[PDB]
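Everything below concerns the one structure shown next.
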Amino acid sequence: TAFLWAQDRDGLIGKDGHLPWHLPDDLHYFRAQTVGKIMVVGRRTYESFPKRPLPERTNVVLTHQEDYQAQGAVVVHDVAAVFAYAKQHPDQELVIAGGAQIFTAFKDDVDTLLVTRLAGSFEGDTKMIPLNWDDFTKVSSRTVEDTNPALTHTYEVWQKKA
Ligand SMILES: NC(=O)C1=CN([C@@H]2O[C@H](COP(=O)(O)OP(=O)(O)OC[C@H]3O[C@@H](n4cnc5c(N)ncnc54)[C@H](OP(=O)(O)O)[C@@H]3O)[C@@H](O)[C@H]2O)C=CC1
């Protein structure tokens with residue numbers, strides 16, 4: 001149960017759809033890590049995603065709609081439901097990409113955290129959700145910088161104690 005998403009100084013993530021910043025290093029590493037695994041995505045995501053479903057990977061959709069049909073990915077509407085699936089898949093890992101409400105649900109049921117804090121300060125209508133930082137301990141931290149001062153990101157890891 002790990003979360004993977006991009007954000008700015010304001011903690012942003014998207015602009016009424018998704019990350020509007022061109023982060024090639026994020027995508028490349030994103031797919032390089034989500035290879036042969038399972039990624040959970042929100043409703044607005046599957047519809048507001050540029051790569052739906054993601055190639056060479058296992059996609060997972062999370063929408064309230066009961067009659068929702070997501071071809072190529074797994075469909076569910078409850079937090080407990082999808083959890084049963086993840087259990088049935090002991091050969092894969094859980095990776096949350098979006099949306100904001102999705103991270104919230106697992107926010108409590110989460111174990112690992114992976115965030116990319118950009119350097120530039122952007123403004124939108126979608127910010128990250130609160131998390132129990134105390135209950136989570138930083139596993140790793142790497143500050144990556146590019147030619148552009150705004151293209152500088154920081155990769156941080158977090159794992160719940162015990
Ligand atoms: N930087 C990034 O990687 C990403 C950034 N973003 C940004 O964040 C914004 C929000 O994410 P987006 O993908 O659009 O949002 P989603 O609608 O996909 O995710 C949140 C919504 O999913 C539904 N949902 C969440 N948890 C559950 C649950 N346990 N059971 C059932 N339904 C659930 C709810 O639907 P509702 O309440 O609609 O009924 C909730 O409002 C995007 O518009 C974009 O700007 C989005 C994706 C990735």
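Cα-Cα over 21 Å: which of 37/161; 15/138; 51/138; 51/160; 107/160; 15/51?
37/161; 15/138; 51/138; 51/160
Once the Cα atoms of region 76-144 are picked out, what are the Rg and Dmax in Å?
According to the Cα coordinates of region 76-144, Rg and Dmax are 14.2, 41 Å.
Between residue 80 and residue 145, what is the label-to-label distance in nm when each label sits 7 Å out along the Cα-to-Cβ direction?
5.0
Could you work out the local net charge near residue 68, counting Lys and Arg as +1, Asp and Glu as -1, over the other residues with Cβ closer than 11 Å to its Cβ?
Once all neighbours under 11 Å are counted, the net charge is -2.
Using a cut-off of 18 Å between alpha-carbon atoms, which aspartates and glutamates can reach residue 87, once sequence neighbours fewer than 8 places away in the same chain are excluded?
Reachable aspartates and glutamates: 78, 108, 109, 111.
Quick one: what are the phi-derived ³J(HN,Hα) couplings along region 69-77, Karplus 6.51/-1.76/1.60 with θ = phi - 60°, whole Hz, x for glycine and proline?
10, 9, 6, x, 10, 7, 10, 7, 10
How much length, in nm to one decimal, is gained on full extension between residue 121 and residue 87, taken as 0.36 nm per residue of separation minus their Cα-Cα distance?
Taking residue 121 through residue 87 to full extension adds about 8.4 nm, to one decimal.
As an exercise, take the mean of 1/r over every pair of distinct alpha carbons in region 1-157, invert it, and state the Kirkwood radius in angstroms.
About 16.1 Å, per the Kirkwood formula over Cα pairs.
So what's the net charge close to residue 94: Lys and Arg +1, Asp and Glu -1, counting the other residues with Cβ under 11 Å from its Cβ?
Net charge in that neighbourhood comes out at -1.
So how do 21, 5 line up by other beta-carbon neighbours within 10 Å, fewest first?
21, 5
Counting helices only, and only those DSSP H runs with n ≥ 4, report the 222 nm mean residue ellipticity of the chain as the sum of -39,500 (n - 2.57) divided by its residues, in deg cm²/dmol to the nearest 500.
-6000 deg cm²/dmol
Work out the length of the dipole vector of the chain about its Cα centre, built from +1 on the beta-carbon of each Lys and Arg and -1 on the beta-carbon of each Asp and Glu, and round it to the nearest 20 debye.
Magnitude of the dipole: close to 220 debye.
Count charges around residue 56 for me, please; just the other residues with Cβ under 13 Å from its Cβ, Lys/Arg as +1, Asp/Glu as -1.
That sum, taken over residues with Cβ under 13 Å, equals +4.
Percent relative contact order of the chain, based on C-alpha pairs within less than 8 angstrom and at least six residues apart?
31
No lab work stands behind these numbers, since they all come straight from the coordinates. Ideal geometry is used to build each Cβ from the backbone, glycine not excepted, and the neighbour counts take in all protein chains shown.
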